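What follows is one structure encoded as structure tokens, with my remarks underneath.
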Amino acid sequence: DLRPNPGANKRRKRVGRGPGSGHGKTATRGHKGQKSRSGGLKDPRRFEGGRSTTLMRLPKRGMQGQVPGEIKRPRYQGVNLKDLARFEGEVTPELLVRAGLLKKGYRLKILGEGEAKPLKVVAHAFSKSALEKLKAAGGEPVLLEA
Amino acid sequence: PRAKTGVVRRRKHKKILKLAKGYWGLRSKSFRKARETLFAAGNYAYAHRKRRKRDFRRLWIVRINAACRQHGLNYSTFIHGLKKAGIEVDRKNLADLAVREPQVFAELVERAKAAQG
Amino acid sequence: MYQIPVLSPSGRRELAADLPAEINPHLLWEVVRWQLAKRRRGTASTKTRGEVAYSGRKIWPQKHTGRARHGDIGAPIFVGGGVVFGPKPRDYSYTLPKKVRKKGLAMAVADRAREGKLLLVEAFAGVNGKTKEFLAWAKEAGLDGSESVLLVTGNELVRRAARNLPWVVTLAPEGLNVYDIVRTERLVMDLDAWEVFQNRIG
Amino acid sequence: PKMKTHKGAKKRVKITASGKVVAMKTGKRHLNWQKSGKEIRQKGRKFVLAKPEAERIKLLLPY
RNA sequence: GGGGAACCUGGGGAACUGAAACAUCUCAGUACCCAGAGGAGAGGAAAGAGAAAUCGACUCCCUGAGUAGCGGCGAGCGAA
RNA sequence: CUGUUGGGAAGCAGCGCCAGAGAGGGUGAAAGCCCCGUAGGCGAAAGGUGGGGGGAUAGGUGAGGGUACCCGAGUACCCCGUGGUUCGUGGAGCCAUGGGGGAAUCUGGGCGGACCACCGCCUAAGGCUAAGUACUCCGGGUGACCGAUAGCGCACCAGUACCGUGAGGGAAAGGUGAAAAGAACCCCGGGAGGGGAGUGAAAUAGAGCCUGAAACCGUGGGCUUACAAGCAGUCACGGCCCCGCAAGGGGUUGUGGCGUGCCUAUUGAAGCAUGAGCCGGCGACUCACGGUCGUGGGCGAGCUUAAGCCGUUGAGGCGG
RNA sequence: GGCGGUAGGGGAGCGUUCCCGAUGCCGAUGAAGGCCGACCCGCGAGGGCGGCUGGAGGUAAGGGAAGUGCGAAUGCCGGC
RNA sequence: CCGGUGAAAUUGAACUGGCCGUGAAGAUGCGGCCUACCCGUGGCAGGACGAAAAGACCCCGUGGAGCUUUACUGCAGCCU
Ligand SMILES: [Mg+2]
Ligand SMILES: [Mg+2]
Ligand SMILES: [Mg+2]
Ligand SMILES: [Mg+2]
Ligand SMILES: [Mg+2]
Ligand SMILES: [Mg+2]
Ligand SMILES: [Mg+2]
Ligand SMILES: [Mg+2]
Ligand SMILES: [Mg+2]
Ligand SMILES: [Mg+2]
Ligand SMILES: [Mg+2]
Ligand SMILES: [Mg+2]
Ligand SMILES: [Mg+2]
Ligand SMILES: [Mg+2]
Ligand SMILES: [Mg+2]
Ligand SMILES: [Mg+2]
Ligand SMILES: [Mg+2]
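Residue numbers (full-length UniProt numbering), protein chains in the order written: chain A, 5 to 150; chain B, 2 to 118; chain C, 1 to 202; chain D, 2 to 64.
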């Protein structure tokens, strides 16, 4: 293809809205008409009316914070073995991040659904009702400790 | 990339002048006056192009009425016979044969006094 | 597609291409644009009613005045005051995914192969610096000034031998800008390129 | 720039996993001088809503 | 000793505005006044960080992160 | 180089040349090869710089055992007000402290969010320290930046004229022609201003001298008007003058048909509700970041970078 | 079969300024702009054509970016 | 009245009659009817609801500002 004639496809050009005209868009600039319109209508999300919002809900969802804030206990993240059959061997968190899971959430636990290739998976924990689902396969050593 | 007005705003005011030709005083040289009286025209011309028939629709009848009453009968009594004769011809204009040879129309009259009396 | 020409130091032979040869222009169209906005140096500006030198003082009271109502003279309704929504300086660049230019690099190269408008080279009567020491090389190779040409080589001598060529634009082995490729109507490159272009994809 | 979440809504609401929004039920720490023991049950359980949840969704969004 | 377009450190320091009223809060230690340091200013070699019987002066960009948290827990504020 | 239109050639045609220089600007119009210059290369007696190299000097260079010497004072620490850290007294630490109580020398002293025990980090109350970082009066390069109502307020004798006592406010205004070659001279006339001749390619380029619109004023010509009731127009026919080939067309209007200006707010107009004397220019949904939906393209259990690092200088690649 | 239409929604287009298209082309045998016209295309906003003036720039087809389209705001400047 | 010099507010535009009705219902401007040659000049002020400074009046605004207080909170000051 030469330099010109490489136009776009279709359904993609901008032609944005130009509401300063005389029969295209209206002489009130689109979504305006009544009044109280030049700056803003406050935030139509959490507010407006001036009644009581809908913040009238109760926030029991506790442990809403202290002072030093969060605390460093490790995030246990699980992983469904459905695609653990994509590979095989002494699979370790070391590469499970390289595959496309965990992502330094760290502390890998295995669980899930499906046939498991008797592939000996080393991790930090295993779901019981899946561990016998592994017991009919191979071997599963545990993490270091805590 | 600035894009001043320039050509655009003038040429338009020249077109309104172009249609405001012969309009009294400021109504043809002052722009936003010429804009106005053009609004009424296109409206005045609209309605009247709907009206020009009713004008002639009326005129024809009087001439017709002028003719029938020169035989001795009214327009109301004239038309019925023609209609009784079932003659979807008479375009109320084409009944202008009162100075376009009359016997052609004078003997349309007697073909009316038939089917009614 | 598969087949490509080469001017060896010992004759005219060919080679087999490892290169996908499908097409999608809305990719290239969506790549040229990137190359062209990223080279846009952000410079345009006007001045809002704050960067204007006029003061901030009402011109005449609105009550009991006869005229209208007004204020400071930076007001865009006046004249010479402030700009409305002027074009303060800003970047136009972004971050187009590499997988669009990588594939976008390949697509265009086969486009010249698909039309034959290609040539890998290796032999040069112009391995030194002279514009005359090249145009005869083009004569003995097949470039008669009819149509444009992009050139790639890792030798800063041949560039000299054509950097003054209106129909031949210089290009280092690396920035194979899809702009200049599609810009020029024919392409030339070397192995010194066809190892990095290969290390990109190949 | 960089939208600020609404911690006054985080502490109150939890975003589901089908996009729905669910809050604890209202009316359980004031009116309880003995009224319907029935009521102290369908108010200790979470409930979902309708239109206004999208008014809430947009108050979160990075979370 | 005084000057210097803006940049920098310290001494003082608002109110409009927002909260669709308004006092805590915000605007904000901003604008403005003062003194001073130069081509830069300030900081700068742990009585540090923060959880590993670990990092190693200080500044600066990115991410962490609008996380943790702060809030008439309301507007909204905002780390390491 | 020549030839040919052209007032003028760089234009057009032919025949060539340079190229590490074909980026630009100027020359009577559009020049790679007429001019300055660009590619590339050489360069200061003097001042400064120094950030790269070198010399010198400042400074610095061992261990084991014992000793019972010293390790920064109204300081540490505690309380009463207080500020900073996201900490609005909150469970409220830590850092600094205005007031009060007031230690100790490694058998010591602070900290790890009240407090205590253990465990770990630190050794305060003396100071200094380049680099990496911000800015643009200044210089350079650059521009999908403007082009005399725009761009800073000033392209120009502008922070002037002008206003105000005063701080302070603060404009308007560019364009003959390539060359003044700028009208000798004659005539009307007091001059100004004009006629002619002349220069000039052009004076219909005349010194507020490129273009010259619109409002506004006047002269000439075609149609009309002194029995007529009007948002000033529309429709029909005839009439007058003009263009044109049959036929048709332009401009005007005498008569007849109908006809309650524009915008805005208003339930509501013709309106005694707002607004505009007119004309011409400036003038009003863009941008940054985050996010919902839609769509176009890339990959697809993956998708993707940010600051930053190598390189021509309108090239990209790494960077997970 | 439907097509009166305000707020409002969707779709489609015309014009301006600038960039790729360009070391390209049109331009002294006259460009942009300004006076006309009863010619032509378009229902349109608009685009071409003949005449006059002006005197040096202007840029197609396909893409891109906007300081983008005026009849009023007792809008502002200037002129009348 | 003649010679000379020569503004203003106002103004959408005008070819601006009366009467009896209608009409958001005060009509030169709509309907009907009556009157009226074109154009000035001197003067009188009934109409054009006349020009408004955004009426000297009333109301609205979660406007402003001055003043009052055993309205609220704080501050100086004073006692302690
Ligand atoms: Mg627009
Ligand atoms: Mg509409
Ligand atoms: Mg409003
Ligand atoms: Mg509500
Ligand atoms: Mg399981
Ligand atoms: Mg009929
Ligand atoms: Mg007859
Ligand atoms: Mg495409
Ligand atoms: Mg005032
Ligand atoms: Mg000749
Ligand atoms: Mg100016
Ligand atoms: Mg300025
Ligand atoms: Mg001015
Ligand atoms: Mg105008
Ligand atoms: Mg132009
Ligand atoms: Mg009158
Ligand atoms: Mg009061």
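Quick reminder that beta carbons are idealized off the backbone N, C-alpha and C, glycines included.
Beta carbon proximity, residue 25 of chain C to chain A, threshold 7 angstroms
If you number the third sequence from 1, residue 25 of chain C lands on position 25. Taking Cβ atoms only, chain A reaches closer than 7 angstroms to residue 25 of chain C, which makes this a yes.
Can you check whether the C-beta of residue 55 of chain D is within less than 7 angstroms of a C-beta belonging to chain A?
By 1-based counting over the fourth sequence, the position of residue 55 of chain D is 54. Cβ-Cβ to chain A under 7 angstroms: no for residue 55 of chain D.
Using a beta-carbon distance cut-off of less than 7 angstroms, what residues from the segment 5-16 of chain A approach chain C?
5, 6, 7, 10, 11, 12 and 13
Enumerate, from N- to C-terminal direction, the unbroken alpha helix (DSSP H) stretches of 4 or more residues contained entirely within the segment 91-156 of chain C.
98-114 and 132-139
Against residue 182 of chain C, what residues of chain A qualify as contacts under a CB-to-CB distance less than 8 angstroms, listed in chain order?
Locating residue 182 of chain C in the third sequence gives position 182, where the first residue counts as 1. Going along chain A in sequence order, the residues near residue 182 of chain C (Cβ under 8 angstroms) are 5, 6, 7 and 10.
Under a Cβ-count criterion, where at least 16 other Cβ atoms within 10 Å of its own Cβ denotes burial, should residue 186 of chain C be classed as buried or exposed?
As a working note, residue 186 of chain C is residue 186 in the third sequence. It is buried - the Cβ of residue 186 of chain C has at least 16 other Cβ atoms within 10 Å.
Does any C-beta atom of chain A lie closer than 7 angstroms to the C-beta of residue 4 of chain D?
Start at 1 with the first residue of the fourth sequence, and residue 4 of chain D comes out as number 3. No, no contact with chain A.
Name the residues in the segment 44-56 of chain A whose C-beta lies less than 7 angstroms from a C-beta of chain D; which are they?
49 and 50
For residue 70 of chain B and residue 99 of chain B, believed in contact at Cβ under 8 angstroms, the rounded distance:
Locating residue 99 of chain B in the second sequence gives position 98, counting from the first residue. Locating residue 70 of chain B in the second sequence gives position 69, counting from the first residue. That pair is no contact at about 11 angstroms.
Please decide whether residue 165 of chain C counts as near chain A, where near means a Cβ-Cβ distance under 7 angstroms.
Taking the third sequence and counting its residues from 1, one reaches residue 165 of chain C at position 165. Chain A, which has no Cβ nearer than 7 angstroms to the Cβ of residue 165 of chain C, makes this no.
In whole angstroms, what separates the C-alpha of residue 30 of chain A from that of residue 38 of chain A?
Sequence index remark: in the first sequence, residue 30 of chain A carries index 26 (1-based). Sequence index remark: in the first sequence, residue 38 of chain A carries index 34 (1-based). Looking at the two C-alpha atoms, the distance is approximately 13 angstroms.
As assigned by DSSP and simplified to three states, the class of residue 8 of chain C
In the third sequence, residue 8 of chain C corresponds to position 8, counting from 1. The answer is strand: DSSP assigns residue 8 of chain C an E or B state.
Cβ distance (whole Å) where residue 122 of chain C is taken to contact residue 191 of chain C below 8 angstroms:
Translated into positions along the third sequence, residue 122 of chain C becomes position 122. Translated into positions along the third sequence, residue 191 of chain C becomes position 191. Contact flag correct, Cβ pair sits at about 6 angstroms.
Short check: CB of residue 74 of chain C to CB of residue 81 of chain C, under 7 angstroms?
The sequence position of residue 74 of chain C within the third sequence is 74, counting from 1. The sequence position of residue 81 of chain C within the third sequence is 81, counting from 1. The answer is yes: Cβ separation under 7 angstroms.
What is the DSSP secondary structure of residue 24 of chain D, counted as helix, strand or coil?
The residue labelled residue 24 of chain D in the question sits at position 23 within the fourth sequence. DSSP places residue 24 of chain D in strand when its eight states are reduced to three.
Please report the Cβ distance between residue 117 of chain B and residue 82 of chain B, rounded to the nearest whole angstrom; I am assuming they are in contact, meaning their Cβ atoms lie under 8 angstroms.
Start at 1 with the first residue of the second sequence, and residue 117 of chain B comes out as number 116. Start at 1 with the first residue of the second sequence, and residue 82 of chain B comes out as number 81. Sure, about 6 angstroms apart at Cβ, within 8 angstroms.
Taking CB distances under 7 angstroms as the criterion, tell me whether residue 51 of chain D reaches chain A.
Counted from its first residue, the fourth sequence places residue 51 of chain D at position 50. Cβ-Cβ to chain A under 7 angstroms: no for residue 51 of chain D.
Within a Cβ cutoff of 6 angstroms, which residues of the same chain sit near residue 38 of chain C, ignoring the five residues on either side of it in sequence?
For this step, residue 38 of chain C is matched to residue 38 along the third sequence. Excluding positions up to five away in sequence, the list reads 93.
Would you give the residue range spanned by the alpha helix (DSSP H) that residue 82 of chain A belongs to?
Walking along the first sequence from the start, residue 82 of chain A turns up at place 78. Element bounds for residue 82 of chain A: not the alpha helix (DSSP H) but the beta strand (DSSP E), 81-84.
Under 7 angstroms by beta carbon: chain A residues contacting residue 20 of chain D:
Along the fourth sequence, read from residue 1 onward, the residue named residue 20 of chain D stands at position 19. Near residue 20 of chain D there are no residues of chain A at all, since even the closest Cβ is about 17 angstroms away, more than 7 angstroms.
With a cut-off of 7 angstroms, does the C-beta of residue 78 of chain A fall near any C-beta of chain D?
On the first sequence, residue 78 of chain A is found 74 positions in, with the first residue counted as 1. Cβ-Cβ to chain D under 7 angstroms: no for residue 78 of chain A.
Give the residues whose C-beta lies closer than 7 angstroms to at least one heavy atom of ligand 3, in chain order.
A:39, A:40, A:41, A:42 and A:43
Contact set between residue 9 of chain D and chain A, taken where Cβ atoms lie within less than 9 angstroms
Translated into the one-based positions of the fourth sequence, residue 9 of chain D becomes position 8. Residues of chain A passing the Cβ test: 50, 59 and 63.
By the 10 Å Cβ neighbour count, where 16 or more other Cβ atoms means buried, how is residue 91 of chain C classified, buried or exposed?
In the third sequence, the residue the question calls residue 91 of chain C occupies position 91. Exposed: under 16 other Cβ atoms inside 10 Å.
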